[PDB]
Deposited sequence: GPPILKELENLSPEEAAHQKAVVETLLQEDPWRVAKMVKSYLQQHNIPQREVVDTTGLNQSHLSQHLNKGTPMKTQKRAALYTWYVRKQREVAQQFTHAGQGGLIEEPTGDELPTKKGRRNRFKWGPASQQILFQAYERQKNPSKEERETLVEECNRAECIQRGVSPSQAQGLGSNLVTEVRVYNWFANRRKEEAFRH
């Protein structure tokens, strides 16, 4: 019950501030850690179009409903650090990871395994600093950990858009 009283207290104060300011906060946290909105909808129980509109535009939503978003934020933000202190969702390419990939697509559109392995760490390190963690805590990215196969399927799908 100790951390509990803390968590329920944060839900209180977050329920007092402007929805938009506390919404832009939670969305940035989602993007930063590349957390799917489906994970929220699945656990919380709110409609997606409501979430998306609230997180992207500012559509007001009932305080009851909002609370559940804040309870999940506080609980998940606790979980991520625990997942990272120890070194079912689809992998999502991070924006920093995609920068290095498109850059390497200009040098070689068909790189070797070792050429992809070097790309793996440069992306997993760029993700680890987007989260705000040391790159040594890499397996904490979980379902979003970059694998050479994922780098492969990224390069293979990119050759499709050519023609």
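Quiz prompt | Missing CA stretches, deposited numbering from 1, N-terminus first | solution = Going by the record, the segments left unmodelled (no C-alpha atoms) fall at 1 to 12, 100 to 119, 196 to 198.
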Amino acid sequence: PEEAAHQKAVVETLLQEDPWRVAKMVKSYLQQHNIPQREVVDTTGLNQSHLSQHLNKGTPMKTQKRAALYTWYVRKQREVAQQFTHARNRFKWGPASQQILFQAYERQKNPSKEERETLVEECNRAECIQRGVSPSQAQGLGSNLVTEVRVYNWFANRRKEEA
From here on, numbers count along this sequence of modelled residues.
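Practice problem: For the higher mean C-alpha B factor in the entry, choose 59 to 67 or 32 to 40. | Solution: That would be 59 to 67.
Quiz prompt | Third of the chain's Cα B-factor distribution that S143 belongs to, per the entry | solution = Tercile = middle for this residue's CA B-factor.
Quiz item: Lowest, middle or highest third: where is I129 by Cα B-factor in its chain?
Solution: Lowest third - that is where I129 ends up once the chain's C-alpha B-factors are sorted.
Quiz item: Mind checking which third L51 falls in for C-alpha B-factor across the chain?
Solution: It belongs to the lowest third of the chain when residues are ordered by C-alpha B-factor.
Quiz item: Thinking about Cα B factors across the chain, which third does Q103 belong to?
Solution: It belongs to the highest third of the chain when residues are ordered by C-alpha B-factor.
Self-check item: Lowest, middle or highest third - CA B-factor, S97
Solution: It belongs to the lowest third of the chain when residues are ordered by C-alpha B-factor.
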